[PDB]
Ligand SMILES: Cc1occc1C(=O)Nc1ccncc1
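Quick heads-up: it's one chain on its own, the form deposited without this ligand, in structure tokens.
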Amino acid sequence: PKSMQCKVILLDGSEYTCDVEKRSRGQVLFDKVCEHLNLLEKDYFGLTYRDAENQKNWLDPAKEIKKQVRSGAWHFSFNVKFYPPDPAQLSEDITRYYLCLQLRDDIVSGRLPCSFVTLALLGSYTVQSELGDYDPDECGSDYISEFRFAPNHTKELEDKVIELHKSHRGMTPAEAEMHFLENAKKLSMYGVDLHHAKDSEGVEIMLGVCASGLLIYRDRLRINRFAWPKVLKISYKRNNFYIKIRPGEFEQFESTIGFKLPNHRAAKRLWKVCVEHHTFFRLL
């Protein structure tokens, strides 16, 4: 039985290596990673890989790994797939812990924009969780933390993290992680997966997929929001993605909004993440 080596980047930035039979479905690898991580609440997570176009794709647990990675290396990342709207309702601390690690990367990467004060508050909870109570021995007026807190670090941000860290004396890692999540979950881009698209008039927009529904960012003056209930059906054809929207009660007919994606694979990728989000958040 011939086995392929798999390399998985974990949320702490470490590499897990294992082997699976070469015809294995994604679920086989995912189960091995989750066992390694002592993760039971697996439903919120998945593995990503990079395609021949270098785009992030979700490894489908139901399909053979080889028919997805195709010509590419068997190299993956472990990621949050479905961001829980209320992390306090997760049953395990270790689940909240992996969600915190994901969000810290979302923030440092700039996928999850954040005000100065929220960057410093989130940072202060991370330090409390990672190091425990504030110690002036480690920290002088010139302190810079090893922790990455933001897409651009300043001395003022490092100072504010320490100031808030001082206020958290006696907080346990689980408690600090829960506070981190209570703040992160409120950010306007929390758990929003963004896709580049053009509207029916060729104007560049972003589509966001999240728990509550589909967002159309036409600009900061005009964001349209379609709660999952308002979304009749989803479809792709060629480079196009279509959303059918319920009529207002007493209008007779649904509306169709069409979008032009960069290529056929980007349209199919958007369709599949929408279907998965609608199913997941239909059942939550």
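Quick note: we count residues from 1 along the sequence shown, nothing fancier. Think of the rigid core as the biggest set of C-alphas that the two forms share within 1.5 Å after superposition.
Choosing between 233 to 241 and 246 to 254, the greater Cα displacement from the shown form in 9 other deposited structures of this protein, fitted by the core, goes with 246 to 254. Of 142 to 150 and 161 to 169, the stretch whose C-alpha atoms sit farther from the shown form in 9 other deposited structures of this protein, after fitting on the rigid core, is 142 to 150. The stretch 141 to 149 shows the higher mean C-alpha B-factor when 141 to 149 is compared against 181 to 189 in the entry. Mean C-alpha B-factor is higher over 197 to 205 than over the other stretch, the pair under comparison being 122 to 130 and 197 to 205. For the set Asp135, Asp106, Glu156, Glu175, the maximum C-alpha B-factor listed in the entry falls on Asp135. Within the listed group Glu35, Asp43, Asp60, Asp219, the record reports its top CA B-factor for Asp219. Annotation for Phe253: C-alpha temperature factor in the highest third relative to the rest of the modelled chain, per the entry. Among all modelled residues in this chain, the alpha-carbon of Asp31 has a temperature factor (C-alpha) in the lowest third. Among all modelled residues in this chain, the alpha-carbon of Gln102 has a temperature factor (C-alpha) in the lowest third.
Among the modelled residues of the chain, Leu39 sits in the middle third by CA temperature factor in this PDB entry. When all modelled residues of the chain are sorted by CA temperature factor, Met4 is found within the middle third.
This next part talks about the form deposited with this ligand bound, which is not shown.
Taking the pose of this ligand in the entry with it bound and superimposing the nearby C-alphas onto this chain, the site is blocked, with at least three ligand atoms within 2.4 Å of backbone or C-beta atoms. In the entry with it bound, this ligand sits within 4.5 Å of a heavy atom of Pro85. Residue contact check for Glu254: none of its heavy atoms lie within 4.5 Å of this ligand in the entry with it bound.
For the chain shown alone, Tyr44 is a contact residue for this ligand in the entry with it bound, at least one non-hydrogen atom being within 4.5 angstroms. This ligand in the entry with it bound comes within 4.5 Å of a heavy atom belonging to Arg282. Contacts to this ligand in the entry with it bound (heavy atom within 4.5 Å) from stretch 48 to 64: none.
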